[PDB]
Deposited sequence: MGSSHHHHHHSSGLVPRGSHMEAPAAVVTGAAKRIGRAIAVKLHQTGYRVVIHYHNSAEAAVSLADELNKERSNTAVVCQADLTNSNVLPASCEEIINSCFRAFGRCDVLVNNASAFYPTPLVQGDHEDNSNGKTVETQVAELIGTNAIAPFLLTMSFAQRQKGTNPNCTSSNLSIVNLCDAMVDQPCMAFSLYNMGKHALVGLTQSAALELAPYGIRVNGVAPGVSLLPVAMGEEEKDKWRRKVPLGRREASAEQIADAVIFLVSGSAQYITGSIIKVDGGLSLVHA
């Protein structure tokens, strides 16, 4: 039987590319999404057309709240319901926007979104994933190669991504006796924000030492595929930068 993977925030961009590659490697996939319903169902069709009964969608808001644990349990439950198993969790979904320290969402909303999506939901998902467990079980967290050289005024985002590092490490340690690996992949600049002006994009591109270009979504996914594969069986608690040297560049 074919193994199954959950990918959060998988309707578009990097998450989609991870879902597509996992699928091409032989996985059945839960394509989680929040707002991008059309793109998610569209991807599940593309996939199932290629191999029938291999992709389902699963809608969930991953903002922090008192129901997030239930929501996360349900994303995992959904994989077992469609496919009878859950081998791989990829925590990819993430909110990303500035939260300046000094002065239209309230600040409690900003905490819930940025820390929910980037850290707490991954914790809750990781918890449900393990509670529900030949086998090659692993988790891959989408981290950030620039965590120690952060975007200006992005303190909540950055705090989320730092937490995700801590979770990668704590979970690898605690879950290792159960044969579940936990690793990360840390893009530098990859697919840039849709809302970002083209001048800002180029300004980021020209900083990258390897090819003066952002990573493709496919390049991020390749690292993911490696970490879940048989060639990474002794790897746990590792975070692989996939940043073309960007974090190596001084101010």
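Where does the structure fail to cover the deposited sequence at the C-alpha level? 1-21, 125-132, 163-170 are the stretches of the deposited chain that have no C-alpha coordinates in the structure.
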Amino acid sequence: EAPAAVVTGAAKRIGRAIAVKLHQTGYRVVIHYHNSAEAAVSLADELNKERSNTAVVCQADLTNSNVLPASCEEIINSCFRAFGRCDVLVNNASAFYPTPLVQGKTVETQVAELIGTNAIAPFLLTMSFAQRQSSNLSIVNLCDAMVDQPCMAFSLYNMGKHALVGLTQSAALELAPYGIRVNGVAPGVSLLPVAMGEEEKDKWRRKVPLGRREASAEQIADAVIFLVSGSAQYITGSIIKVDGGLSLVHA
From here on, numbers count along this sequence of modelled residues.
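What we label the rigid core is the largest C-alpha set whose atoms superpose within 1.5 Å from one form to the other.
In 9 other deposited structures of this protein, superposed by the rigid core, which stretch departs further from the shown form in CA positions, 35-43 or 213-221? Relative to the shown form, the greater RMS C-alpha distance in 9 other deposited structures of this protein belongs to 213-221.
In at least one third of the other PDB entries compared, is residue 136 left unmodelled? No.
Checking the other PDB entries with both flanking residues built, is residue 103 absent in a third or more? Across the compared entries, residue 103 is left out in at least a third.
Averaged over C-alpha atoms, is the B-factor higher for 189-197 or for 211-219 in this PDB entry? Between 189-197 and 211-219, it is 189-197.
Could you check the entry and say whether 142-150 or 115-123 has the higher mean CA B-factor? According to the entry, 142-150 carries the higher average C-alpha B-factor.
Determine which member of 52, 183, 63, 66 has the highest CA B-factor, using the values in the deposited entry. It is 52.
For the C-alpha B-factor as written in the entry, point me to the maximum among 11, 240, 228, 18. The record points to 11.
Would you please rank residue 157 by its C-alpha temperature factor against the other modelled residues of its chain and give the third it falls in: lowest, middle or highest? It belongs to the lowest third of the chain when residues are ordered by C-alpha B-factor.
Pull the Cα B-factor of residue 4 out of the PDB entry and bin it into the chain's lowest, middle or highest third. Its C-alpha B-factor belongs to the middle third of this chain's values.
Taking the values exactly as deposited, rank residue 78 by C-alpha B-factor within its chain and report the matching third: lowest, middle or highest. Answer is middle: the recorded C-alpha B-factor places it there.
Where the record places residue 172 (Cα B-factor, split into thirds across the chain): Answer is lowest: the recorded C-alpha B-factor places it there.
Can you tell me which third, lowest, middle or highest, the CA B-factor of residue 131 falls into for its chain? Highest third - that is where residue 131 ends up once the chain's C-alpha B-factors are sorted.
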